[PDB]
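Engineer: Quick one: structure below, then a few questions.
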Amino acid sequence: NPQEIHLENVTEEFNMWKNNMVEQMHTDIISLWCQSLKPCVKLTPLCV
Amino acid sequence: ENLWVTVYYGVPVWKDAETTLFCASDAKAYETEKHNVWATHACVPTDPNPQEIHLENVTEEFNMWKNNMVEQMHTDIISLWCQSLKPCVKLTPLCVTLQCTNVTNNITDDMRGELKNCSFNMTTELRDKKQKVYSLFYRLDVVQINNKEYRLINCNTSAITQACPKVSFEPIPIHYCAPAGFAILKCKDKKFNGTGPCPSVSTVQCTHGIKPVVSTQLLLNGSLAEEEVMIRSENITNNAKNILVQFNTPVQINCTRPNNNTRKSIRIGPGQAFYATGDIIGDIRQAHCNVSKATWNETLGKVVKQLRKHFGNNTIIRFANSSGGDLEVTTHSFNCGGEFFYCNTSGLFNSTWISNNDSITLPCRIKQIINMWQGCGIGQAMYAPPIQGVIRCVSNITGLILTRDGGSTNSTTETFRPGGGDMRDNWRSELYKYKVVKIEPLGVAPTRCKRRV
Amino acid sequence: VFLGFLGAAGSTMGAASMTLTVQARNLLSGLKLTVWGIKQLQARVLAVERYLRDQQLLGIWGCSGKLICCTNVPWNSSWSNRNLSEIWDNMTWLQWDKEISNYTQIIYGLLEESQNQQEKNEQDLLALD
Amino acid sequence: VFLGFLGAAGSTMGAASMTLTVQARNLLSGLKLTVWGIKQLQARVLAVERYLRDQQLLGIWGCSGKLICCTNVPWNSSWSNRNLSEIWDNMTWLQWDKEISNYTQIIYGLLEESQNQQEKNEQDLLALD
Amino acid sequence: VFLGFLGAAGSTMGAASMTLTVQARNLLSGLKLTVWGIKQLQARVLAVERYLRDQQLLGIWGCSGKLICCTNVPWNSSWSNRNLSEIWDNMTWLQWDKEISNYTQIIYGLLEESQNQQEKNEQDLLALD
Ligand SMILES: *[C@@H]1O[C@H](CO)[C@@H](O[C@@H]2O[C@H](CO)[C@@H](O[C@@H]3O[C@H](CO[C@H]4O[C@H](CO)[C@@H](O)[C@H](O)[C@@H]4O)[C@@H](O)[C@H](O[C@H]4O[C@H](CO)[C@@H](O)[C@H](O)[C@@H]4O[C@H]4O[C@H](CO)[C@@H](O)[C@H](O)[C@@H]4O)[C@@H]3O)[C@H](O)[C@H]2NC(C)=O)[C@H](O)[C@H]1NC(C)=O
Ligand SMILES: *[C@@H]1O[C@H](CO)[C@@H](O[C@@H]2O[C@H](CO)[C@@H](O[C@@H]3O[C@H](CO[C@H]4O[C@H](CO)[C@@H](O)[C@H](O)[C@@H]4O)[C@@H](O)[C@H](O[C@H]4O[C@H](CO)[C@@H](O)[C@H](O)[C@@H]4O)[C@@H]3O)[C@H](O)[C@H]2NC(C)=O)[C@H](O)[C@H]1NC(C)=O
Ligand SMILES: *[C@@H]1O[C@H](CO)[C@@H](O[C@@H]2O[C@H](CO)[C@@H](O[C@@H]3O[C@H](CO)[C@@H](O)[C@H](O[C@H]4O[C@H](CO)[C@@H](O)[C@H](O)[C@@H]4O)[C@@H]3O)[C@H](O)[C@H]2NC(C)=O)[C@H](O)[C@H]1NC(C)=O
Ligand SMILES: *[C@@H]1O[C@H](CO)[C@@H](O[C@@H]2O[C@H](CO)[C@@H](O[C@@H]3O[C@H](CO)[C@@H](O)[C@H](O)[C@@H]3O)[C@H](O)[C@H]2NC(C)=O)[C@H](O)[C@H]1NC(C)=O
Ligand SMILES: *[C@@H]1O[C@H](CO)[C@@H](O[C@@H]2O[C@H](CO)[C@@H](O[C@@H]3O[C@H](CO)[C@@H](O)[C@H](O)[C@@H]3O)[C@H](O)[C@H]2NC(C)=O)[C@H](O)[C@H]1NC(C)=O
Ligand SMILES: *[C@@H]1O[C@H](CO)[C@@H](O[C@@H]2O[C@H](CO)[C@@H](O[C@@H]3O[C@H](CO)[C@@H](O)[C@H](O)[C@@H]3O)[C@H](O)[C@H]2NC(C)=O)[C@H](O)[C@H]1NC(C)=O
Ligand SMILES: *[C@@H]1O[C@H](CO)[C@@H](O[C@@H]2O[C@H](CO)[C@@H](O)[C@H](O)[C@H]2NC(C)=O)[C@H](O)[C@H]1NC(C)=O
Ligand SMILES: *[C@@H]1O[C@H](CO)[C@@H](O[C@@H]2O[C@H](CO)[C@@H](O)[C@H](O)[C@H]2NC(C)=O)[C@H](O)[C@H]1NC(C)=O
Ligand SMILES: *[C@@H]1O[C@H](CO)[C@@H](O[C@@H]2O[C@H](CO)[C@@H](O)[C@H](O)[C@H]2NC(C)=O)[C@H](O)[C@H]1NC(C)=O
Ligand SMILES: *[C@@H]1O[C@H](CO)[C@@H](O[C@@H]2O[C@H](CO)[C@@H](O)[C@H](O)[C@H]2NC(C)=O)[C@H](O)[C@H]1NC(C)=O
Ligand SMILES: *[C@@H]1O[C@H](CO)[C@@H](O[C@@H]2O[C@H](CO)[C@@H](O)[C@H](O)[C@H]2NC(C)=O)[C@H](O)[C@H]1NC(C)=O
Ligand SMILES: *[C@@H]1O[C@H](CO)[C@@H](O[C@@H]2O[C@H](CO)[C@@H](O)[C@H](O)[C@H]2NC(C)=O)[C@H](O)[C@H]1NC(C)=O
Ligand SMILES: *[C@@H]1O[C@H](CO)[C@@H](O[C@@H]2O[C@H](CO)[C@@H](O)[C@H](O)[C@H]2NC(C)=O)[C@H](O)[C@H]1NC(C)=O
Ligand SMILES: *[C@@H]1O[C@H](CO)[C@@H](O[C@@H]2O[C@H](CO)[C@@H](O)[C@H](O)[C@H]2NC(C)=O)[C@H](O)[C@H]1NC(C)=O
Ligand SMILES: *[C@@H]1O[C@H](CO)[C@@H](O)[C@H](O)[C@H]1NC(C)=O
Ligand SMILES: *[C@@H]1O[C@H](CO)[C@@H](O)[C@H](O)[C@H]1NC(C)=O
Ligand SMILES: *[C@@H]1O[C@H](CO)[C@@H](O)[C@H](O)[C@H]1NC(C)=O
Ligand SMILES: *[C@@H]1O[C@H](CO)[C@@H](O)[C@H](O)[C@H]1NC(C)=O
Ligand SMILES: *[C@@H]1O[C@H](CO)[C@@H](O)[C@H](O)[C@H]1NC(C)=O
Ligand SMILES: *[C@@H]1O[C@H](CO)[C@@H](O)[C@H](O)[C@H]1NC(C)=O
Ligand SMILES: *[C@@H]1O[C@H](CO)[C@@H](O)[C@H](O)[C@H]1NC(C)=O
């Protein structure tokens with residue numbers, strides 16, 4: 001049961017273009033893409 | 001007059017202990033990186049204004065030779081050396097039979113072909129067609145096996161991996177720090193042989209910038225001593241124990257690689273690519289190192305004047321070169337611009353001092369395939385990639401690692417020869433003035449005070 | 001003055017009893033896949049273990065005030081046989097711990113007992129009113 | 001005596017109310033690249049989380065004394081309907097928690113309220129003088 | 001009422017002084033070989049560091065009560081020059097910290113001094129009796 005508290009009388013200034021949770025997400029996705037293919041079969045003796 | 005215990009929390013109470021220290025380097029070290037720093041990747045930025053508290057009336061007993069921050073530093077450096085070469089290109093499909101010849105040069109018969117123009121096959125991107133490509137190697141890297149046919153020296157000892165060219169081997173200043181509840185005590189005595197009580201001790205959180213310079217016979221870019229030159233030894237009488245000398249004035253040294261090399265970019269596989277040494281642009285010249293003979297004159301005089309304080313006053317002190325063994329021990333092994341030099345120090349330690357403007361050049365050899373520190377297991381061997389252009393580097397000689405001979409009751413004189421092998425000494429030359437202590441701030445004391453009910 | 005961290009480490013216990021709020025201040029706290037991350041982390045947890053080890057003892061004893069404190073345990077002469085003006089004006093904390101290191105664990109037992117005993121005893125005064 | 005850790009786990013609540021300084025003592029703390037290092041570390045942090053989880057509640061309640069304590073919350077009969085000499089001399093702590101497990105969270109709400117309320121109320125007495 | 005976590009973030013300091021036991025409640029805590037394990041662990045330790053950073057200051061100050069507290073440090077006018085009924089009924093905590101951010105570190109020095117000074121002073125009253 002997620003909970004979302006509305007903060008009355010509050011006015012905060014956002015900035016989507018310089019937000020860091022984005023950088024964390026992308027670099028984490030990159031690292032997950034990476035790590036998921038390490039132990040998988042390598043096709044080095046292909047390219048014949 | 002009946003006393004009561006009273007608890008105290010925050011008492012200057014410490015005890016000698018050993019913990020996991022971490023690194024600390026300036027913000028500029030994190031700045032100068034194209035993935036080029038070999039360590040700073042995850043180092044803590046140093047405090048902009050370090051603080052050193054002088055502890056008055058304190059006398060603490062140091063012991064440099066059984067200090068553990070040294071063991072942590074060396075084993076950490078070993079592990080970093082290791083880890084930096086794991087994902088780098090491995091040269092397993094090398095070690096092919098090399099058809100080698102001398103390099104293109106007409107010189108007299110008293111010049112053994114240091115360099116060999118070698119040709120061999122190579123696997124191309126596809127695992128079908130080979131590749132008749134040529135490279136240039138040093139004689140130390142190769143060995144004949146029974147037209148001269150050779151192999152690489154390490155094919156019969158261990159595997160091999162190339163050091164990526166993106167990373168660098170530049171010694172940067174490392175400040176070692178301790179965690180909360182601990183502190184690092186720094187002896188502030190000008191004349192201190194590392195063992196015994198220190199009259200003027202202070203404390204600090206992180207030591208000064210200690211560059212991890214890997215050398216064997218001569219310590220480089222180190223910390224100068226104060227006033228009189230410093231001699232340190234665990235047992236001066238035992239001829240098996242090294243004698244670490246720290247200098248008061250630095251001796252200027254200049255090492256150069258007068259060969260405008262070329263980098264050949266072979267394609268061994270669909271991802272990997274090997275950097276061979278192409279043709280030389282210019283003259284066939286040798287790497288050498290210069291030492292101003294005047295400054296070296298006075299430095300040797302100032303060390304012998306300190307030796308006479310320990311071996312009797314009216315005695316003769318002789319200097320001879322190394323005895324023999326591996327190249328790593330018999331030469332001043334080090335790295336400068338990326339190539340690993342091995343210099344002959346027979347012209348520096350051939351002297352004799354009684355009771356009372358040019359440069360000494362040294363023939364320096366270069367090796368690319370080095371296997372120090374066992375090789376991270378029993379397998380890995382590193383190939384130092386070839387470096388384009390002439391490399392010139394100016395360094396400080398800041399200390400020596402000497403060893404005395406076992407004459408026993410031989411003479412009033414005893415000869416001293418360079419030593420090394422064990423590189424923990426390279427760190428003991430800077431971690432002689434530091435020690436770790438844990439804080440136990442709980443102390444109870446008596447006083448005529450009781451808390452009421 | 002502010003002599004700083006561990007300034008009064010060579011000073012008498014009476015002179016170092018002034019700088020207890022400084023050593024307590026700097027006693028807690030003043031990155032990709034690597035080996036330094038753990039190098040710092042295991043140290044950054046040992047800091048916390050070394051702090052709370054002290055704090056739990058300070059809590060189970062009568063004094064969570066965290067500065068200085070008195071206790072209802074008689075100073076057993078057999079421990080030192082030294083004088084009030086001969087330790088607080090003529091001895092350093094390190095030297096003092098060097099004397100009492102033998103009996104430290106014993107004292108901790110007595111403090112834990114006295115404190116649990118006091119709290120159990122005070123509940124009986126609070127329950128009658 | 002010292003029956004040791006959890007000695008009085010099968011004893012009446014009145015007899016186990018004597019050994020509260022022992023179970024609190026052993027409640028906090030009595031290496032190369034491997035898998036045991038993390039095996040011990042994640043456990044060595046869960047120890048701290050499980051300790052401070054209790055401590056923050058003990059703090060936000062009226063009693064940071066960390067041993068035993070009374071509170072200004074009326075014992076709501078609807079919770080047990082049992083007697084003072086029929087629990088403290090005829091019931092074990094485990095059995096007791098087995099009865100009151102249902103309402104534990106409710107009680108915590110009431111304690112937090114009573115404590116914040118007391119502290120706000122005491123600031124008004126301190127401000128007039 | 002229970003407006004919840006950070007409910008009174010846009011409210012006057014007097015109206016937000018009622019919800020201090022709620023923000024303190026949710027301030028601490030409400031797996032195989034991977035990268036998320038450390039992702040959660042380093043955050044799960046930063047939680048503890050950020051909590052005890054505050055707690056050690058709250059301890060070395062005169063008030064381990066952990067809710068609200070008064071101190072024997074005169075409010076230096078040079079800091080604000082504002083009125084009791086013009087901040088507690090006409091200003092938000094964030095705005096207030098925005099004013100006093102400059103002098104915060106200074107105040108901490110004065111609190112540590114006043115507290116160590118009070119405790120040293122109270123030991124002398126306890127020792128004469
Ligand atoms: C004891 O102390 C002495 C004194 O500090 C120290 O000497 C140092 O020697 C090294 C090795 O030669 C010097 O480092 C090189 O310097 C040259 C040129 O000098 C400067 O030039 C510009 C401005 O003119 C500066 O901005 C620049 O930063 C240099 O400081 C550089 O060419 C070298 O940089 C290359 O290599 C670096 C790592 O090796 C890379 O990070 C850098 O990006 C450069 O990469 C380029 O190199 C390839 C060719 O080499 C090229 O093909 C690539 O494409 C790439 O672009 C390097 O910085 C250093 O300056 C000397 N000291 C100081 C303070 O400068 C001794 O080395 C020391 N003892 C020991 C044992 O090391
Ligand atoms: C280390 O060992 C290697 C062994 O391979 C040497 O590599 C070869 O060196 C020779 C000379 O020493 C090079 O040969 C030269 O090639 C030039 C290019 O011409 C050819 O290429 C074009 C296309 O680019 C073709 O269309 C054309 O038909 C040619 O086939 C020639 O111009 C050179 O000629 C000069 O030298 C010869 C020497 O006999 C004379 O007869 C000529 O008149 C003229 O003076 C020359 O033939 C060869 O190219 C090198 N290999 C490669 C792969 O390039 C290294 O030189 C050696 N390194 C050192 C330092 O000794
Ligand atoms: C190619 O390599 C060859 C070597 O195979 C090289 O030829 C050599 O040149 C030197 C000249 O320096 C010759 O050395 C001479 O030897 C005679 C005795 O045999 C000496 O008397 C000569 O004395 C001179 O040098 C002295 C000191 O250097 C002086 O004091 C004196 O006054 C003279 O000036 C001289 O040393 C050597 O014999 C030949 N080698 C052969 C095999 O002939 C040639 O120079 C190289 N060329 C290139 C372009 O690389
Ligand atoms: C080789 O050795 C010389 C030693 O003279 C190095 O130059 C000297 O470097 C030291 C620091 O390594 C300088 O000392 C420092 O000076 C500042 C000045 O404010 C002082 O505050 C510090 O306490 C410290 O003593 C010294 O000034 C400097 N000498 C000169 C003439 O500038 C040189 O950098 C070394 N080269 C290397 C290691 O490559
Ligand atoms: C803490 O308690 C220990 C005992 O548990 C104390 O150790 C004892 O110290 C005395 C000296 O004060 C030792 O006597 C020694 O005898 C040898 C034998 O010849 C002599 O050579 C020494 O010069 C010294 O006189 C005694 O042996 C030792 N006990 C044991 C079991 O070894 C210790 O002194 C106490 N600490 C303090 C600070 O008092
Ligand atoms: C906290 O302290 C700092 C000083 O350490 C205060 O900063 C100062 O703020 C004033 C404005 O209140 C700045 O004046 C400015 O002058 C420029 C110059 O033309 C003008 O364009 C601006 O409109 C403004 O008037 C002053 O420069 C600045 N001090 C420094 C050194 O930059 C800060 O205001 C304090 N915080 C609070 C909340 O009071
Ligand atoms: C690798 O290089 C060698 C020469 O360095 C080549 O050796 C040839 O081997 C064949 C074997 O059938 C002989 O018939 C030739 O006489 C050898 N010498 C030549 C061709 O010059 C070998 O072929 C090379 N490997 C390749 C091209 O895959
Ligand atoms: C690995 O290779 C090295 C060098 O090729 C060998 O060391 C040489 O071994 C030969 C014969 O065993 C000796 O005659 C030389 O004197 C050795 N060189 C030195 C510098 O000592 C080494 O034995 C080889 N190891 C093997 C084949 O297991
Ligand atoms: C450092 O210097 C001091 C002073 O010379 C040395 O102290 C000597 O210690 C030995 C035994 O430890 C004694 O027998 C000598 O009498 C001491 N010397 C004096 C003058 O009293 C100390 O050993 C030296 N340490 C090192 C590592 O060189
Ligand atoms: C070492 O050899 C290299 C070979 O590339 C030289 O680099 C060339 O130098 C010439 C003239 O100096 C320039 O016209 C070229 O543009 C350079 N090549 C490139 C790719 O830029 C280099 O100059 C030589 N070393 C020295 C000190 O001159
Ligand atoms: C080591 O190298 C440095 C710099 O390359 C030398 O210092 C300069 O050398 C040049 C040419 O020799 C002179 O023109 C400068 O006047 C020198 N400057 C200084 C500050 O010394 C140094 O002399 C070399 N020393 C040795 C022993 O090789
Ligand atoms: C130290 O100097 C001595 C004497 O100059 C060198 O001894 C000579 O070494 C070479 C190379 O092995 C031999 O050919 C000579 O016969 C040796 N001479 C004597 C008298 O034994 C020694 O090589 C030098 N040390 C180093 C490491 O180069
Ligand atoms: C290091 O220096 C010594 C001394 O110069 C070298 O020994 C020389 O060896 C050559 C043989 O190549 C002889 O012709 C010289 O007469 C020797 N010198 C002396 C003084 O006897 C030694 O070879 C050099 N290198 C090494 C690795 O030892
Ligand atoms: C120490 O170095 C000096 C300097 O080179 C050597 O002196 C040489 O001695 C030989 C004797 O065989 C002479 O032929 C050379 O002319 C001398 N050289 C110089 C520059 O004077 C000396 O031999 C070395 N030490 C030893 C023990 O050989
Ligand atoms: C290399 O040069 C030396 C001396 O100049 C000579 O004795 C040797 O035979 C040469 N070897 C080859 C393969 O050219
Ligand atoms: C140091 O050297 C002396 C010389 O006789 C020797 O007796 C002793 O065993 C060595 N080791 C020491 C003093 O620890
Ligand atoms: C320089 O060193 C040599 C080597 O023994 C020595 O003969 C000479 O006397 C030294 N110079 C001075 C000025 O002492
Ligand atoms: C050697 O004699 C000098 C005086 O020429 C003296 O200062 C020094 O102390 C003596 N060193 C000894 C005896 O070790
Ligand atoms: C404390 O001193 C008394 C003296 O009456 C002695 O009997 C007793 O053993 C001491 N207690 C401890 C625990 O050492
Ligand atoms: C407590 O008991 C009263 C009896 O008056 C009952 O009305 C009330 O619901 C109980 N409270 C709770 C929170 O269970
Ligand atoms: C507090 O205000 C006084 C006014 O008497 C002023 O002199 C003093 O500097 C201020 N103190 C600080 C630490 O700012």
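Ordering of the structure tokens sets the chain letters (A, B, ...); residue numbers start at 1 within each chain; ligands are numbered from 1 in the order shown.
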Pick out the residues sitting within 6 Å of range 56-71 of chain D, and hand them over as a ChimeraX atom specification; count only C-alpha atoms, and ignore anything fewer than 6 positions along from it in its own chain.

Structural biologist: /D:111-112,115

Engineer: May I have all residues of chain E that DSSP, computed from the backbone, assigns to helix (DSSP H, G or I), given as a PyMOL selection string?

Structural biologist: chain E and resi 13-16+20-23+25-27+36-60+77-79+84-87+93-100+104-128

Engineer: For ligand 8, list the contacting residues at 9 Å or closer, counting only C-alpha atoms and all ligand atoms, as a ChimeraX atom specification.

Structural biologist: /B:142-145,151-157,326

Engineer: Dump the neighbourhood of ligand 14 as an mmCIF file with N, CA and C atoms, in the first residue's frame: all residues within 8 Å, distances computed on only C-alpha atoms and all ligand atoms.

Structural biologist:
data_model
loop_
_atom_site.group_PDB
_atom_site.id
_atom_site.type_symbol
_atom_site.label_atom_id
_atom_site.label_comp_id
_atom_site.auth_asym_id
_atom_site.auth_seq_id
_atom_site.Cartn_x
_atom_site.Cartn_y
_atom_site.Cartn_z
ATOM 1 N N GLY B 347 79.175 2.361 -11.929
ATOM 2 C CA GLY B 347 79.914 3.603 -11.924
ATOM 3 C C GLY B 347 79.593 4.526 -10.775
ATOM 4 N N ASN B 350 81.681 2.482 -6.852
ATOM 5 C CA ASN B 350 83.064 2.006 -6.954
ATOM 6 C C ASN B 350 83.942 3.142 -6.430
ATOM 7 N N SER B 351 84.077 3.207 -5.107
ATOM 8 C CA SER B 351 84.807 4.283 -4.457
ATOM 9 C C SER B 351 85.400 3.764 -3.156
#

Engineer: Tell me which protein, DNA and RNA residues are within 8 Å of range 9-26 of chain A, counting only C-alpha atoms, leaving out same-chain ones fewer than 6 positions away, and put them as number ranges by chain.

Structural biologist: E: 9-11

Engineer: Using only C-alpha atoms and all ligand atoms, which residues have at least one atom no more than 7 Å from ligand 6? Output them as a list in words.

Structural biologist: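 Result of the 7 Å neighbour search around ligand 6: residues 98, 99, 100, 101 and 102 of chain E.
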
Engineer: List all protein, DNA and RNA residues that have an atom no more than 7 Å from any atom of ligand 10, counting only C-alpha atoms and all ligand atoms, and report them as an MDAnalysis selection string.

Structural biologist: chainID B and resid 260:262 281 389:390

Engineer: Excluding residue 7 in chain E and its own-chain neighbours fewer than 3 positions away, which residues fall within 12 Å of it when counting only C-alpha atoms? Please give them as a compact mmCIF listing (two decimals) with C-alpha atoms, in the first residue's frame.

Structural biologist:
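Written out: part_19.txt:
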# COMPACT_ATOMS: atom_id res chain seq x y z
CA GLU A 4 1.63 9.65 -1.09
CA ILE A 5 1.49 12.62 1.29
CA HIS A 6 0.26 15.87 -0.24
CA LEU A 7 2.35 18.74 1.16
CA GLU A 8 -0.04 21.68 1.38
CA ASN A 9 1.19 25.28 0.89
CA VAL A 10 4.44 23.94 -0.54
CA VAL E 1 -4.74 14.56 13.24
CA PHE E 2 -1.89 12.70 11.52
CA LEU E 3 -1.00 14.64 8.37
CA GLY E 4 1.79 12.11 7.79
CA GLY E 10 4.59 24.48 4.22
CA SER E 11 3.14 25.38 7.64
CA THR E 12 4.24 27.95 10.20
CA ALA E 15 1.99 24.62 13.54
CA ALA E 16 4.85 22.32 12.51
CA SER E 17 6.11 22.12 16.11
CA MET E 18 3.25 19.65 16.68
CA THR E 19 4.47 17.04 14.16
CA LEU E 20 8.01 16.43 15.42
CA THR E 21 7.33 12.85 16.56
CA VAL E 22 6.24 11.86 13.03
CA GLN E 23 9.25 13.05 11.03

Engineer: Any residue with an atom at most 6 Å from ligand 18 counts, using only C-alpha atoms and all ligand atoms. Which are they? Put them as number ranges by chain.

Structural biologist: B: 308-309, 312-313

Engineer: Which residues form the shell of 9 Å around ligand 3 when you count only C-alpha atoms and all ligand atoms, given as a list in words?

Structural biologist: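 The residues near ligand 3 are residues 105, 106, 107, 108 and 109 of chain B.
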
Engineer: Keeping only N, CA and C atoms, write the selected residues as a compact mmCIF listing (two decimals), in the first residue's frame.

Structural biologist:
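Saved to again03.txt:
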# COMPACT_ATOMS: atom_id res chain seq x y z
N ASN B 105 71.82 -2.12 -39.04
CA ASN B 105 72.87 -1.25 -38.52
C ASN B 105 74.23 -1.88 -38.79
N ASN B 106 75.18 -1.05 -39.20
CA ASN B 106 76.58 -1.44 -39.34
C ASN B 106 77.37 -0.76 -38.23
N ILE B 107 77.70 -1.53 -37.20
CA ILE B 107 78.60 -1.09 -36.14
C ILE B 107 79.64 -2.18 -35.94
N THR B 108 80.67 -1.86 -35.17
CA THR B 108 81.77 -2.79 -34.94
C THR B 108 81.25 -4.10 -34.34
N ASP B 109 82.15 -5.08 -34.23
CA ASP B 109 81.80 -6.39 -33.72
C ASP B 109 81.54 -6.39 -32.21

Engineer: If you measure from atom 2 (O, counted along the ligand's line) of ligand 13 to CA of residue 331 in chain B, what distance in Å do you get, rounded to one decimal?

Structural biologist: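 Answer for the atom 2 (O, counted along the ligand's line) of ligand 13 to CA of residue 331 in chain B separation: 9.9 Å.
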
Engineer: Hey, which of B:397, B:300, B:436, B:7 ends up closest to residue 218 in chain B? Count only C-alpha atoms.

Structural biologist: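 Between B:397, B:300, B:436, B:7, the residue approaching residue 218 in chain B most closely is B:397.
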
Engineer: Residues within 7 Å of ligand 17 (only C-alpha atoms and all ligand atoms), as a list in words?

Structural biologist: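 Using only C-alpha atoms and all ligand atoms, I find these residues within 7 Å of ligand 17: residues 297, 298, 301, 351, 352 and 353 of chain B.
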
Engineer: If you count only C-alpha atoms and all ligand atoms, which residues end up within 9 Å of ligand 7, as a count of residues only?

Structural biologist: 14

Engineer: Can you work out which residues are within 7 Å of ligand 15, considering only C-alpha atoms and all ligand atoms, and then hand them over as number ranges by chain?

Structural biologist: B: 101-102, 107-113, 148

Engineer: Determine which residues of chain E sit within 8 Å of chain B, taking into account only C-alpha atoms, and present them as number ranges by chain.

Structural biologist: E: 123, 126-129

Engineer: May I have the selected residues written with N, CA, C and O atoms, as an mmCIF file, in the first residue's frame?

Structural biologist:
data_model
loop_
_atom_site.group_PDB
_atom_site.id
_atom_site.type_symbol
_atom_site.label_atom_id
_atom_site.label_comp_id
_atom_site.auth_asym_id
_atom_site.auth_seq_id
_atom_site.Cartn_x
_atom_site.Cartn_y
_atom_site.Cartn_z
ATOM 1 N N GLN E 123 29.161 18.538 38.348
ATOM 2 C CA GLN E 123 29.965 17.590 39.112
ATOM 3 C C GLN E 123 30.466 18.212 40.408
ATOM 4 O O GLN E 123 30.619 17.511 41.415
ATOM 5 N N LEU E 126 27.682 18.006 42.910
ATOM 6 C CA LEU E 126 27.475 16.636 43.362
ATOM 7 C C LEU E 126 28.589 16.151 44.279
ATOM 8 O O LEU E 126 28.359 15.242 45.085
ATOM 9 N N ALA E 127 29.784 16.739 44.188
ATOM 10 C CA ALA E 127 30.925 16.247 44.950
ATOM 11 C C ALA E 127 30.974 16.791 46.371
ATOM 12 O O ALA E 127 31.573 16.149 47.242
ATOM 13 N N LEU E 128 30.366 17.951 46.633
ATOM 14 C CA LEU E 128 30.392 18.516 47.976
ATOM 15 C C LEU E 128 29.417 17.823 48.919
ATOM 16 O O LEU E 128 29.618 17.866 50.139
ATOM 17 N N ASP E 129 28.375 17.190 48.387
ATOM 18 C CA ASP E 129 27.416 16.453 49.206
ATOM 19 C C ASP E 129 27.768 14.970 49.233
ATOM 20 O O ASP E 129 28.577 14.499 48.435
#
